[PDB]
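In: Here is the sequence, then the experimental structure:
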Amino acid sequence: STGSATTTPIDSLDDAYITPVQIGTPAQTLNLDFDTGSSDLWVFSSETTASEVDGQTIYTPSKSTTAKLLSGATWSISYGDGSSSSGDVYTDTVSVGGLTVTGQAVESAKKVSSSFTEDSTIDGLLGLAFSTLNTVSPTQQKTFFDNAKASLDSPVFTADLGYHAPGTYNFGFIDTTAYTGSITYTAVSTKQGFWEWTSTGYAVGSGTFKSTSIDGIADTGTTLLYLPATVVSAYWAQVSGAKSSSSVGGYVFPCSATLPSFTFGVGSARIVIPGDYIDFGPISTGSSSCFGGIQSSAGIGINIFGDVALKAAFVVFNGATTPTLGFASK
């Protein structure tokens, strides 16, 4: 089997991407944030505290003839951005782009933090990291991909995120028309439960490539590119007037600037992030200070190849017995 679904930016800045997901019978379609940096499929629901719902579409398990309470199971998650959610668990039928999993754990939110409530466009998350990170207790549950894997034509999914435009998540096949040149594959460590890999270096604009190993995670659920302070400083030093602002929470730059590109290495291959991808716009409405899309990972504890990086590539998440990551230009 295969599946193919379009993923759409939630706003004009590509802050996140939502993908429609069919849950239950008859189908209830929710727009979920596919997140390769976590492993829980959770939804706003009829059980979510009413004051914490503000415009989201909810899953109502009582209206699904295939929903079953997973007795005694609870979940609770905290994300890198400080947000969180928790609740109980149902199993139900879940389909993405024509690919159906029966018996999928659908984690129903009883509580969500303010950031989730305030984002009316995201109805929940669909985790695509390794199932070892799944938070369901006392019986850990598998991700949608893990459940689907054996039925897929090939044990892979791909992320093809758009810049200010829709893109595609495919399951079970590699669309050879969706990228240019060849896909370069690179080793993955699953030790921390992430799609963790080592970039071979970077360049800023038309500058020379610096060969240096940068361990990080491919994370579709994070907006920005978080890299070591040395690398980030080298980037922003090429933008007149750019500075790190503790009050704002990172590097800002004059909105009048033209940003240089940023290149990262994948083996001997190179992925180029155009300068415009690194512009996250005014820090507040009407400001001439703009927020940068490359930020320091210092004090996160891990480097994160988030959407800013991934949207410059066609990315293969290869879930074979020994997982690997593939990157192609597009």
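Out: Looks like it came in fine. Numbers count the residues shown, from 1 in each chain.
In: what are the ranges of the helices in the chain?
Out: 114-118, 144-148, 229-236, 307-310 (DSSP state H).
In: Identify the residues contacting stretch 157-166?
Out: For stretch 157-166, the surrounding residues in contact (C-beta atoms under 8 Å, 6 or more residues apart in numbering) are 6-9, 12, 14, 17, 34, 36, 128, 145, 167-172, 174-175, 178-179, 220, 274, 276-277, 307, 310-312, 314-317, 319, 330. Bear in mind the C-beta positions are built from the backbone N, C-alpha and C, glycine included.
In: Contact partners for the closest residue in space to residue 256 that isn't next to it in sequence?
Out: Sequence neighbours aside, residue 288 is the residue nearest to residue 256 in space, at 7.1 Å (criterion: C-beta to C-beta, 6 or more residues apart in numbering). When contacts are counted by C-beta under 8 Å, 6+ apart, residue 288 touches 254-256, 282.
In: Can you flag which of those belong to strands?
Out: Those of these mapping onto strands are 254, 282, per DSSP state E.
In: Can you tell me which of the contacts of residue 288 is nearest residue 228?
Out: Nearest to residue 228, judged by C-beta to C-beta, of the contacts of residue 288 is residue 254 at 24.3 Å.
In: Grab the nearest non-local neighbour of the closest one.
Out: residue 241 (4.4 Å).
In: what's the answer for residue 253, then?
Out: Using C-beta to C-beta, 6+ apart and skipping residues adjacent in sequence, the residue nearest residue 253 is residue 242, 3.9 Å away.
In: So the one you found versus residue 192, what's the distance?
Out: Separation of residue 242 from residue 192 (C-beta to C-beta, to the nearest Å): 31 Å.
In: quick one, which of the two is more surrounded?
Out: Each of residue 242 and residue 192 has its neighbours counted (other C-beta atoms under 10 Å); residue 242 has more, 20 against 13.
In: mind checking how far that one is from residue 34?
Out: As judged by C-beta to C-beta, residue 242 and residue 34 stand 31 Å apart.
In: for residue 290, what are its contacts?
Out: 252-255, 257, 279-283.
In: Any idea what it is bridged to?
Out: residue 253, residue 282 (DSSP bridges).
In: gap between it and residue 241?
Out: Relative to residue 241, and taking C-beta to C-beta, residue 290 is found at 10 Å.
In: And for residue 98?
Out: Taking C-beta to C-beta, one finds residue 98 at 49 Å from residue 241.
In: mind giving me the domain ranges of the protein?
Out: Domain assignment for the chain by curated CATH domains gives 5-174, 175-330.
In: Any idea how far apart the tips of the shortest one sit?
Out: Distances were taken as C-alpha to C-alpha, to the nearest Å; on that basis the terminal residues of domain 175-330 are 12 Å apart.
In: Distance from stretch 127-134 to the middle of the chain?
Out: In terms of C-alpha atoms, centre = their mean, to the nearest Å, the centre of stretch 127-134 is found 12 Å from the chain centre.
In: what does stretch 191-207 give?
Out: 16 Å.
In: in it, what counts as buried?
Out: Residues of stretch 191-207 classed as buried by neighbour count (16 or more other C-beta atoms under 10 Å): 193-204.
In: which two in those residues are spaced the farthest apart?
Out: 193 and 204 (31.3 Å).
In: How about the most centrally placed residue in the chain, nearest residue that isn't a chain neighbour?
Out: By C-alpha atoms, centre = their mean, the mean C-alpha position of the chain lies nearest to residue 220, the distance being 1.8 Å. Excluding the flanking residues, the one nearest residue 220 by C-beta to C-beta, 6+ apart is residue 36, at 4.5 Å.
In: so how far is residue 142 from the nearest residue to residue 83 once chain neighbours are set aside?
Out: Distance criterion C-beta to C-beta, 6+ apart; nearest residue to residue 83, sequence neighbours excluded, is residue 115 at 4.2 Å. According to C-beta to C-beta, residue 115 stands 26 Å off from residue 142.
In: Between those two, which has more neighbouring residues?
Out: Taking other C-beta under 10 Å, residue 115 and residue 142 do not tie; residue 142 has more neighbours (19 against 14).
In: check contacts around the closest residue to that one other than its chain neighbours.
Out: Spatially, and ignoring its direct neighbours in sequence, residue 142 is nearest to residue 131 (4.7 Å; C-beta to C-beta, 6+ apart). Residue 131 sits next to 39, 140-143, 146 when contact means C-beta under 8 Å, 6+ apart.
In: at 10 Å what do you get?
Out: Shown in contact with residue 131 (C-beta atoms under 10 Å, 6 or more residues apart in numbering): 39-40, 105, 140-143, 145-147, 193.
In: do residue 57 as well
Out: Contacts of residue 57 (C-beta under 10 Å, 6+ apart): 28-31, 43-45, 120-124.
In: Which PyMOL command selects the buried ones in these?
Out: Those of these that count as buried under 16+ other C-beta under 10 Å are selected in PyMOL with:
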select buried, resi 28+30+31+43+44+45+121+122+123+124
